[PDB]
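First comes the structure, then the notes that go with it.
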2 protein chains.
Amino acid sequence: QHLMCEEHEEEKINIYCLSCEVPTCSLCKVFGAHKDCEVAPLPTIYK
Amino acid sequence: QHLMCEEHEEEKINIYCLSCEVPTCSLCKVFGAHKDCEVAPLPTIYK
Ligand SMILES: [Zn+2]
Ligand SMILES: [Zn+2]
Ligand SMILES: [Zn+2]
Ligand SMILES: [Zn+2]
């Protein structure tokens, strides 16, 4: 059971943007809207 | 900037289901699919 990113439709929402205060996907951080934001892992990252 | 629940379309995704490993909304925990799950707050809850 996963949430998928609205923009990156094949990516799982697995991180949290601490700057915007919104869960996001890895590609949103690598290339996308949160590229310069501080992020945290969601538990799924280290399970 | 917020993610909204797919089922509870007026609710913000502001909690994390630790049991299912998926971000969710409060109503999913109070009444919905994650009612018997263990949950955690997302940072937005205590900002
Ligand atoms: Zn994305
Ligand atoms: Zn951001
Ligand atoms: Zn919900
Ligand atoms: Zn659950």
Side-chain angles (χ1 to χ4, degrees), chain A residues 1-5 7-8 10-47, chain B residues 1-5 7-8 10-47:
Chain A
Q1 176 165 17
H2 295 291
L3 248 58
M4 305 305 279
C5 179
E7 177 183 347
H8 306 99
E10 305 189 24
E11 291 299 318
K12 296 192 261 282
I13 295 291
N14 56 359
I15 68 175
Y16 190 81
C17 183
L18 297 168
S19 312
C20 304
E21 318 193 87
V22 77
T24 199
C25 95
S26 292
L27 291 186
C28 281
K29 171 62 191 172
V30 174
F31 299 116
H34 305 284
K35 56 192 170 309
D36 300 312
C37 290
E38 297 189 70
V39 298
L42 291 183
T44 205
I45 296 282
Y46 51 79
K47 60 178 189 191
Chain B
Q1 176 165 17
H2 295 291
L3 248 58
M4 305 305 279
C5 179
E7 177 183 347
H8 306 99
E10 305 189 24
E11 291 299 318
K12 296 192 261 282
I13 295 291
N14 56 359
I15 68 175
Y16 190 81
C17 183
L18 297 168
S19 312
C20 304
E21 318 193 87
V22 77
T24 199
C25 95
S26 292
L27 291 186
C28 281
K29 171 62 191 172
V30 174
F31 299 116
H34 305 284
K35 56 192 170 309
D36 300 312
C37 290
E38 297 189 70
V39 298
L42 291 183
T44 205
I45 296 282
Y46 51 79
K47 60 178 189 191

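Heavy-atom basis, side chains included; hydrogens, waters and symmetry copies ignored. Chain identifiers are assigned alphabetically (A, B, ...) following the order of the sequence lines, protein sequences preceding nucleic acid strands; residue numbering begins at 1 within each chain.
- The heavy-atom pair separating B:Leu18 from A:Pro43 by the smallest distance is CD2-CG, 4.2 Å.
- Distance check: B:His8 NE2 to B:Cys28 SG gives 5.0 Å after rounding to the nearest 0.5 Å.
- Looking at B:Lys12, its side chain never comes within 3.5 Å of a backbone N or O of B:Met4 through a donor-acceptor pair.
- In plain terms, the two heavy atoms of A:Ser19 and A:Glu38 that are nearest each other are OG-N, 2.9 Å.
- Contact between A:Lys35 and A:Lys29 at its shortest, heavy atoms only, is O-NZ, 2.9 Å.
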Quick one, A:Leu3 with B:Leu3, criterion side chain to side chain contact (heavy atoms under 4.5 Å, CB included). Give me CA distance, side-chain angles, the key distance, then yes/no. CA-CA 10 Å; A:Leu3 248 58; B:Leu3 248 58; 3.9 Å; yes
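- Of all the heavy atoms in B:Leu42 and B:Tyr16, the pair that sits closest is CD2-CB, 4.0 Å.
- Side chain of A:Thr24 to backbone of A:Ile15: no donor-acceptor contact under 3.5 angstrom is found.
- The minimum heavy-atom distance between A:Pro23 and A:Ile13, with the atom names listed, is CB-CG2, 3.6 Å.
- Considering every non-hydrogen atom in both A:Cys37 and A:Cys17, the closest pair reads CB-SG, 3.3 Å.
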